[PDB]
Each structure stands twice: as structure tokens, then as C-alpha cells.
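See structure below.
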Amino acid sequence: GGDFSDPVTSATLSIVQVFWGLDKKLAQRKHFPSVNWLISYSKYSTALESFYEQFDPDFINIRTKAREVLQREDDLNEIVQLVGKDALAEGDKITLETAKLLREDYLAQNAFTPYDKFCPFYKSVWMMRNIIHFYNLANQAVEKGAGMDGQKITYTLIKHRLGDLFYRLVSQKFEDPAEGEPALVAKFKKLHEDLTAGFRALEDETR
Amino acid sequence: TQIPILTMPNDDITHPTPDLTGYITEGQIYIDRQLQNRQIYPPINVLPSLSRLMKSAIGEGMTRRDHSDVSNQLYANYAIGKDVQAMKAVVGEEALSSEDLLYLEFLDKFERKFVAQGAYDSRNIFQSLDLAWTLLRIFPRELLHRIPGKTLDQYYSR
Amino acid sequence: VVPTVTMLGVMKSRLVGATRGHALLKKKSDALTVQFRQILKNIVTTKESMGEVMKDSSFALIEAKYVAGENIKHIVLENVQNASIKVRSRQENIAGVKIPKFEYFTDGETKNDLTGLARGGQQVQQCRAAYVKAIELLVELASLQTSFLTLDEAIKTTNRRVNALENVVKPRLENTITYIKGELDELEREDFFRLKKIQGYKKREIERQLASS
């Protein structure tokens, strides 16, 4: 709540490499992790490059895409507050949908429930991969915009026609890690395959 | 040549040390928090960036003649691109003309290629000017108002 | 309003965001005003066509009286060879505002014609042309009304921002700066000076005691 220019804070941020800046607004929003995704930073990123590469090479790019989506949402929040959502385009619409999906499914961890008490890295990477893949598929779909349709029409269609995948992306959080890593990996791979089937049949129908 | 890396407390130059060193020195290159947040490895804030003695550095014998011209043209075009991005946000991007879309794509290509540089990638100033020119070719010849005549045709031909 | 630097930073950020939003709203208002001016020009052209449209239409009635005399009257009413009353309108978002494209008869879908009467051709050339003019008239009128309302709202928002938001926030920043500096810095320096004087005359008293003993 206090200013982050306090001498103790300034001294710490000079030497500390990772600041997990909690947000008073998030705490009031009852968002339990309460970690701000804008002020916080981890300078150790470059060191873990080899670890992330050996674990999952695609994780870096999807993490960067998630960061860009979050930054865009935070940037245009002021615009939508001032101008209004009327001028928002299909790309803006899918960006906001993905941002809300992150804020709800991903950054929120209750930790008072067995499914949310502990989130292993394999489950976290799969959830982020699913969200980013859905974002990419929506981008490609609205970019196609052909056949006397598409773009915002495609966005609304995939919102309604593909609403089941969007809804169960939220439930992907509720997947219990205790069931075992192979089972969770299989379930997430099946979800990814279904998501690929989505926006492909929607591509075939050409709106 | 002195290039101090002075941390600005509270993410601003209003702090006594940044203001004092700005008063003493003759330049101010900036690191934009958003660019790092948007994950561009060089987070250089080009619009706040400025050097008082830019004219002296650029010349015919040292550097190329078109260097200052393309510097000014890129700066103005980037400001226009930011303005057009705001316009696209407020109007829904349908009301934009062709030139507005040109400025938008120019800003996008600028951020994609010129601003982002490999941490180990090295570019000679000639190579940097060539990259800026490749960014510039997408505009029509008449559109580059800042570029002096007989220098535009010198390089815009490609 | 705590004179602490947190409130100063918050107020500075609010002022900067207000300035940026004011600039964006001014640009949007200018664009909307330009579109409204174009719509007004189109509506003026349609109004100029109006009246002359009715003057042309009266010739069809004169021709009907000359050729077929009295009309069919009642349900039939005659006098019509074309321009059946069927239209197609759609609201279209232009410059962020939905504008109904009111396309009326002679420019709307499902229009029908039934050959030509004795003055049916004159009616088509006069009455049906009036319908074509009226389609554009209605579309332009609806678009102009919507654009005028939107431009008025945007101009009011921008003027209110410029006259109240910044004009109140800037004094808030000035008062915060004045309080913070002239109270905290002044009193802290005074406290430090008083402590320094206390130590100084304590050393003086120690020296005096040493001289005495």
C-alpha cells in the first residue's frame, strides 16, 4: 500500500533480482495470489534459458506471447475505460477474452483446494500453452476474414460455436494434479488436439 | 567519451540525481519500461531518446550523408505511427485512410525489426542505415516529406 | 490528500493519463465532426432535390388526369406502374457509431412493378424518382442525427475534461508539492540544525568544564 520509493524498498530493488510485487487492488479484488504482473520482474530469466530449452523449447515463445497479451490488455484498459468497448475490434475482442482467461484460470490459484494447492510445472506449462494456442487460432481465424464473413463475425461465431472449448479451458484449472503426470499430460494433449480441431472445422465451414 | 548508466529512482527523472546529471550532461537516452514489458531486448525509448550534438556526429566523411535525414524522417514517422495507433484504437480502424494503415504497418515493422536486436547480433552503422532504408521503402516516395530531394531518389530506388 | 510522494506520483500519473485521453478524445471528436459535415452536405443536396421532386411528381398526376381521367380510387387507387413499397435498411457502424442505412422504396429490396399505366410511365419517372430521393433523405437524416448527438456528447466530454479535470488536478499536484517540500524538508532540516546546535553547545559546555577543572 505504501509508496515503493521508500528507502528500504529502493535499497532492496537495487540488489534483489526478483521482486514479487503484490497488489493492494488485487488483494481487495480477493485475487488470492495477488501478484502484480506489471511491476514484478525476475532478472534471472537469461540464466534459465538452458533449463527451459531442455524442458520445453516452445515455452519461451508462449511465455513472451502471454506477456505481450497482458501488456496490451493493461495498455488498452485505459482506452476502453475512456472511449468504450464499442470501437474494440475483433483482435481487441480476442485479446480481452484471452486476458480475462489468464486472469481467471492461470494467475489465480486458490491453494485451499487439492487441485489448486500445488501446481506442478508440467501442468502450468500445458495450461499456458493451451491459452496461447487458443489465442493464436483466434488470431488466424479473424485474420482470414473471407467468404463474405469473418473478422468480428468469426470472433462472435467462435465465441458461440466453440463455446465449449472456451468454457472447459477454465475447468482445466480444476484438473487434479494428484491424478498423476502421465494422465494429466494425456488429458491436456487431447484438449490441445480438440482445440486444433476447433478453428479448423470452423476454417472448413468458412463462416 | 563518457556514457554513465544512471539508474533513475522511482522510475522517473524527477529524482535529484537524474535531474542533476541531465543538467550537467548533454544527452538523454531512455529505457522504456513498456518495451521490456512487451519483451523487446533493446528497450530503448526512441521518442524520449535525444542527443544534443547529433548534427556534429553525422557527416559525409564520417557516417553517410543521408544519416541525419533518415534519423529525422524515422522519428517523425514513428510519432505519426503512435498517433495513428491511438486513432485506430479510438475510431475502430475502419475510418483510417490508406496512409494511416501505412503508418501503422511502418510502426509495426519498426518495432519488429529495428528496435529489437539480438543481444549478440552486431550491426555496422552502414547496415543499420540499410535496415532503416528497407523500413522506409514501404512508404511512397512523395510521402517521405522530411527526406531532402535528390537524396531520396539516391537511396529509395533500392 | 496525504502530501506523501505516493499521492504526488498518483496525481502526476492521473494528470498524464488525463492529458493523453483528452488528446485522443479531441482527435475522435474532430473526425466525427468531419463525418457529420460530410453527412450534412449530402443531406443539403438531398433537400435541394426535394421540392423539385414534388414539382416533377405533379406532372405524373396531370398526365394521369389527361389520359385516364379519374384514378381507380379506393383500395386500387391506380396511378402506380412501379415502386412497390418494400425497403431494406441496416444500421452500420461508422466512426465508432452505428448509423442506420435507411434505404427506402426505389432503392430498397423487394421493389416490384406492374407494367405501365396510361400515365404509369410518368408516375415511375416522377413518383418513383421521389422515392429514390426519399431513401437517401431518410438515410442521411438518420445518420446526421446520430452523428450530431455523438459529436455533441464527445465535445461535451472533451470540454468538461479540459475545464475541470486538469484544472483541478494541476492545483492538486501544486498543493501536494508545496506541502511536501515546505513542510517535510523545511522541518527536517530545522530539526537536524537544532540537533547540531545541541551537540555544539554540549561540546562547548564540556570544554568550559574542562577549563574550570
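No Cβ is skipped: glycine too gets one built from the backbone with ideal geometry, and neighbour counts run over all protein chains shown. Every number in this text was worked out from the coordinates using simple rules, so none of it is lab data.
Among the residues of the stretch C:123-169, those identified as hydroxyl-bearing (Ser, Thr, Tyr) and crowded, with 19+ Cβ neighbours inside 10 Å are C:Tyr131, C:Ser143, C:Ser147, C:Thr150, C:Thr158. Scanning the stretch C:54-75 for residues that are within 47 Å of the chain's Cα centre (by Cα) and either among the hydroxyl-bearing types (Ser, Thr, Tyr) or outside any helix (DSSP H, G or I) (or both) turns up C:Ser57, C:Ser58, C:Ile75. Only helices (runs of 4 or more DSSP H) whose full extent lies in the stretch A:56-149 are considered here, and the ones with at least 3 residues that are within 12 Å of chain B (Cβ to nearest Cβ) are A:59-82, A:90-101. Anything in the stretch C:70-106 that is among the aliphatic types (A, V, I, L, M) and away from chain A (no Cβ under 14 Å)? List them, or say none. Hits for the stretch C:70-106 are C:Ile72, C:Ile75, C:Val76, C:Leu77, C:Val80, C:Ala83, C:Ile85, C:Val87. Scanning for something under 18 Å from C:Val139 (Cα atoms), of a type outside the set (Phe, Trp, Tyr), part of a loop (DSSP other than H, G, I, E, B) and touching a residue at least 24 places away in the same chain (Cβ under 8 Å), does the stretch C:45-53 turn up at least one residue? Yes, some residue in the stretch C:45-53 is under 18 Å from C:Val139 (Cα atoms), of a type outside the set (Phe, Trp, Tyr), part of a loop (DSSP other than H, G, I, E, B) and touching a residue at least 24 places away in the same chain (Cβ under 8 Å).
Reported count of residues in the stretch C:6-52, each being crowded, with 18+ Cβ neighbours inside 10 Å, within 14 Å of chain A (Cβ to nearest Cβ), among the hydrophobic types (A, V, I, L, M, F, W, C) and in contact with a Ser or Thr (Cβ under 9 Å, 6 or more places away or on another chain), is 4. There is no residue in the stretch C:178-195 that is of a type outside the set (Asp, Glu), in a helix (DSSP H, G or I), in contact (Cβ under 8 Å) with a residue 12 or more places away in the chain and crowded, with 20+ Cβ neighbours inside 10 Å. Taking every residue in the stretch A:49-66 that is without any contact (Cβ under 8 Å) to a residue 60 or more places away in the chain and pairing it with any residue that is assigned to a helix (DSSP H, G or I) and of a type in the set (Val, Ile, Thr), at least 6 positions away or on another chain, the pairs with Cβ-Cβ distances below 8 Å are A:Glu49/A:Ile60; A:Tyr52/A:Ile60; A:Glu53/A:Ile60.
Select from the stretch A:14-36 the residues that are under 27 Å from the mean Cα position of the chain (by Cα) and either touching a residue at least 60 places away in the same chain (Cβ under 8 Å) or in a helix (DSSP H, G or I) (or both) and list them in ascending order.
Residues satisfying the conditions are A:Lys24, A:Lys25, A:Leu26, A:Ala27, A:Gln28, A:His31, A:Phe32, A:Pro33, A:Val35.
Return the residue satisfying two criteria in turn: it lies in the stretch C:105-122 and is polar (S, T, N, Q) and closer than 11 Å to C:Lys86 by Cβ, and of such residues it is surrounded by the most Cβ atoms within 10 Å (Cβ to Cβ). Filtering the stretch C:105-122 for residues that are polar (S, T, N, Q) and closer than 11 Å to C:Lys86 by Cβ, the one surrounded by the most Cβ atoms within 10 Å (Cβ to Cβ) comes out as C:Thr106. A search for C-beta distances below 7 Å between a residue of the stretch B:36-51 that is more than 14 Å from every other protein chain (Cβ to nearest Cβ) and in a strand (DSSP E or B) and any residue that is surrounded by 15 or more Cβ atoms within 10 Å (Cβ to Cβ) and among the polar types (S, T, N, Q), counting only pairs 6+ apart in sequence or on different chains, returns B:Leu50/B:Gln28. Residues of the stretch A:66-123 that are surrounded by fewer than 19 Cβ atoms within 10 Å (Cβ to Cβ) and among the small types (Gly, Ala, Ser): A:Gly84, A:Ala89, A:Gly91, A:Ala108, A:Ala111.
Restricting attention to the stretch A:116-172, the residues that are of a type in the set (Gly, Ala, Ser) and within 21 Å of A:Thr95 (Cβ to Cβ) add up to 5.
Would you check if B:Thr7 is closer than 30 Å to A:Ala11 by Cα, out of contact with any strand residue (DSSP E or B) (no Cβ under 7 Å at 6 or more places or on another chain) and away from every other protein chain (no Cβ under 14 Å)? Taking the combined requirement at face value, the residue does not satisfy it.
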